[PDB]
C-alpha cells in the first residue's frame, strides 16, 4: 500500500538525451507498476506544465515532472502559490537538472523513476523574492553560462536587522545545493535548513571566487573578499535599479523571505 493514491506524470516530449519512446520505456513501467492510478500528460507548449500542475493540484497526491530546469521551474511556480500542494518529484530531463541533483536524484532516468517508487519524501524550503517564488537561486550581476565567462556596483543588504554595505561584482541568494549541473559555489547552502544564503563577491574577490567554483566546500575562505551569511529575512538595495536572475522579471530593490518546508519532495536518502 502506497502513500500516493493518485499520481500525475507530466512529460516534456522534448526532454532527455534520447527519444520519447526510449525515455518512456525507461520511466513509465516502474511508475505504472508501483502506482495503481497514474495519469500521464505530455506538454505541448511553454506554460502547459504550470497549467497541469494547477489543474491537478487538488486532485492528485504526487506530481512527477520529466524534464529540464525550465519545466521543473514551471512546476515550482505552478504549485508554490496554491493552498493545496501535492508532493513533487523530478525525473531529470535536461542538462543541468540542478534541483534534481539537490535531492540526490540519480541522473540515469530509469534509476530516477525507480527512486520515486521508494516514496522517500522530505520537506523543502521555497524562497520568495518580491512575491516571486524560486527554488534555486536569486542573483544580480543562466548560471551555466555566466560561470563560463567568469563592472562593480554598490549594494546595501539588510538581513534580520543587520546590514552590509559595499562594492560588489556579484550578489546571490541561494537555496539549492547545485548550480549549473555542479555543486553550488556557496558553502553549506541547504534547501531545507530554514535559511537563505547571501553570497557577495566584492570588487576585489574575483580571483578567490574563481577558486570556489567546482568545489563543494563547507567552510568559508576569504572573509575579506567575499561576504557570506545566512539569514531568513533579506533586503537588497542598489544605487541604480539592476535586473534580477532566478531559476523571470525582478529588479532591485528587493525583499526576500523563506517559506519553510513549503514543498514536500521525493528524494534519495542513500545520497542525501
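Positions refer to the first chain, counted from 1.
Coordinates are given for every deposited residue between residue 181 and residue 182; the gap count there is zero. Missing coordinates between residue 150 and residue 151 amount to 4 to 9 residues of the deposited sequence. Looking at mean Cα B-factors across 14-22 and 255-263, the upper value is held by 14-22. In this crystal structure, the stretch out of 43-51 and 230-238 whose C-alpha atoms carry the higher mean B factor is 230-238. When the C-alpha B-factors of 36, 29, 67, 214 are read from the PDB record, the largest value belongs to 214. Each of 162, 71, 117, 188 has a CA temperature factor in the record; the biggest one is found at 162. In the PDB entry, residue 122 places in the lowest third of its chain by CA B-factor. Among all modelled residues in this chain, the alpha-carbon of residue 1 has a temperature factor (C-alpha) in the highest third. In the PDB entry, residue 81 places in the lowest third of its chain by CA B-factor. When the modelled residues of the chain are ordered by their C-alpha B factor, residue 145 lands in the highest third. Annotation for residue 131: C-alpha temperature factor in the highest third relative to the rest of the modelled chain, per the entry.
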